[PDB]
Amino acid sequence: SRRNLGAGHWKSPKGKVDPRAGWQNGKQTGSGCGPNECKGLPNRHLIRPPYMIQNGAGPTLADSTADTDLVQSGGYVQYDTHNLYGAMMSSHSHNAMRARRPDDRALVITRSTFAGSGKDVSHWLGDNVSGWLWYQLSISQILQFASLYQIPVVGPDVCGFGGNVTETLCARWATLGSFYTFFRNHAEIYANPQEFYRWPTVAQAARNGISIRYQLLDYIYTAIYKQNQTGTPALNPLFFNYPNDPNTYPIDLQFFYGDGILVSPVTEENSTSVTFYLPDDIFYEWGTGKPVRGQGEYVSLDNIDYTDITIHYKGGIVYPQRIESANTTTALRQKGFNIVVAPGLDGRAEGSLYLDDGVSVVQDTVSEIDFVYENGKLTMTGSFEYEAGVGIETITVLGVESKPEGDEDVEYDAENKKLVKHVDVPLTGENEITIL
């Protein structure tokens, strides 16, 4: 059944839809175009027009594509609708995938898109090359689609399509690849094999990246759901989080995986050092959870192993993590939760967790869970209609300056200023948990 029980908490305000006002254009369509209107002016040069654009394909609009003079059903000519051919095939393919599995969300990874294609298809960035440049510019491109174009599931060919990848570049791409919303290794027919198991360094780089990714899978799944709900992006440029900090405006070698996870990969070829910007905010190292006070200045780490990537938690956010990674996402969904609290400068933290059956287009039952932490207390509100068969096993609080008095169900790592509280809280209803 399709109750969609517990949904609708994170939708944005539905603006006043005065029905009898209809279109302001006074017509029966948003374009103001009747069914035999707006087809294009006749007596046009459709192959080689008077003003020719800087087309990389060649001297005509037809080079390496379909002739741009072809008249389609309804009288539309390829000259005008060429930029929509990618989008309209993609739309037709989505519907075809729905016909053969009507109850499931259709995942479609398409090359050519147009504005609005986000509503029915996802993207991969096409035929890149096994070079450091394509690895570098990858972040500009995922940010374009996820942050600007409303196509949140996007990634390039990890370790590069064309050419032969080196151990170091593929190890590097494996770790960065783990923070793409679409994560896929692909290669050209005359490229040497570049599966992660072909090099020990690349294999361990993958184990590290995929482990972090899978711990954060529900975290990114929630971000993509919130984007589905309101259009709030599942990847964020630094300036999206720090709009008043001009240092962040041109940055495209770091990004936020969701709202909070700062991804600062090593960008320079045959190097183990990275110079990266930390905004004026509290951050916490991944894994250790060790506080790092950003000062709105570039910082330099050295001796970044080729199997490793620099990742920080942004303060002010609650990160719901699977306690462990697993070899399948079917196995992953049976792992309990580690709710990681990263206090902001005000000592507070906010975060969401979306749970459902993971497949169905219209869910029967969903859990739209909100987490709030302030004054040593974690509050869990929202909806809990989805039987997950798993609960919260640990509540990790970062930036705990000193060990607390009581030693009941609590480990304190003094080095990393990290408290871990062992608990057994099911996700069946709202709850409050005192930590400090």
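Just count from 1 along the sequence shown to find any residue number.
Undergrad: Averaged over C-alpha atoms, is the B-factor higher for 347 to 355 or for 297 to 305 in this PDB entry?
TA: Looking at the record's C-alpha B-factors, the answer is 297 to 305.
Undergrad: So 266 to 274 or 179 to 187, which one's hotter by mean CA B-factor in the entry?
TA: If you average the C-alpha B-factors of 266 to 274 and of 179 to 187, the larger mean comes out for 266 to 274.
Undergrad: Specify which of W199, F255, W124, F114 carries the largest Cα B factor in the deposited PDB entry.
TA: In this record, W199 carries the highest C-alpha B-factor of the candidates.
Undergrad: Per the entry, which of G231, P237, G289, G315 tops the list for Cα B factor?
TA: Across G231, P237, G289, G315, the entry lists the biggest C-alpha B-factor for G289.
Undergrad: Based on the deposited C-alpha B factors for this chain, I'd like to know if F384 is in the lowest, middle or highest third.
TA: For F384, the deposited C-alpha B-factor lands in the middle third.
Undergrad: Can you tell me whether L137 has a C-alpha B-factor in the lowest, middle or highest third compared with the other modelled residues of the same chain?
TA: Lowest third of the chain for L137's C-alpha B-factor.
Undergrad: Lowest, middle or highest third: where is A66 by C-alpha B factor in its chain?
TA: It falls in the bottom third of the chain.
Undergrad: Pull the Cα B-factor of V77 out of the PDB entry and bin it into the chain's lowest, middle or highest third.
TA: Middle third.
Undergrad: Split into thirds by Cα B-factor across the chain's modelled residues, where does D245 land: lowest, middle or highest?
TA: According to the entry, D245 has a C-alpha B-factor in the chain's highest third.
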